[PDB]
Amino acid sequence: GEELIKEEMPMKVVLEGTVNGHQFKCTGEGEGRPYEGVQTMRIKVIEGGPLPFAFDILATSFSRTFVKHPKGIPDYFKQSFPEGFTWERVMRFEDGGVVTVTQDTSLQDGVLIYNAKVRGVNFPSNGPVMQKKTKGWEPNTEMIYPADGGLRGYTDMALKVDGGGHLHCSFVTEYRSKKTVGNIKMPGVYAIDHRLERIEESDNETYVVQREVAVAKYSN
């Protein structure tokens, strides 16, 4: 499992969804250093572009294999290979928008392949998401809890708004390994510090480059 995840790994993503009835499809390709916790993704909106909502609400749906885990924290995600893992997430914005995401992670001839589906509903028409008045996510900390051979993650995320305030968004995620034959060494409770940054964008946010640093740490 860990053996199959090299110090350098490429990744590819297909993401399809509907937000407030607007249907789209994105493709992404990138690479990272799974044991250093760093990755970069170049993303294209190939159907439904330009999107009438902030790409920021999609950005967190495009990579758990790339978390730096110190020796003392068993790495559920790297141990899941070769079979990979799935995750399901609910994002609840303080102003009432909701996003549900299902993701499949697989390893296909040494490339990490992500397949994702997104449904967004009830974003206020005049709110910062549908008015495209957002400016990226603040750094955040996700609490990880073992739950019967899977993991649950919870985080309060803060979407920056034009003018300097934030839209708060609760994330709840269930992570499940696809492994059935081998065993996984389960972690106890821990935290993951995440920093997701946009590097560049062009053509009304139909091309986006983003980079994430994510590091697992002891929780007190």
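Counting begins at 1, following the sequence as shown.
Unmodelled deposited residues between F62 and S63: 1 to 3, per the record.
Comparing the deposited coordinates for 143-151 and 83-91, the stretch with the larger average C-alpha B-factor is 143-151.
When the two stretches 134-142 and 68-76 are set side by side, the higher mean Cα temperature factor goes to 68-76. The entry assigns its greatest Cα B factor, within the set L196, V14, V209, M11, to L196. In the deposited entry, the Cα temperature factor of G30 places it in the lowest third of its chain's modelled residues.
When all modelled residues of the chain are sorted by CA temperature factor, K185 is found within the highest third. Split the chain's modelled residues into thirds by C-alpha temperature factor. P124 is in the middle one.
Ranked by C-alpha B-factor against the other modelled residues of its chain, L167 falls in the highest third. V161: CA B factor lies in the highest third for its chain, per the PDB record.
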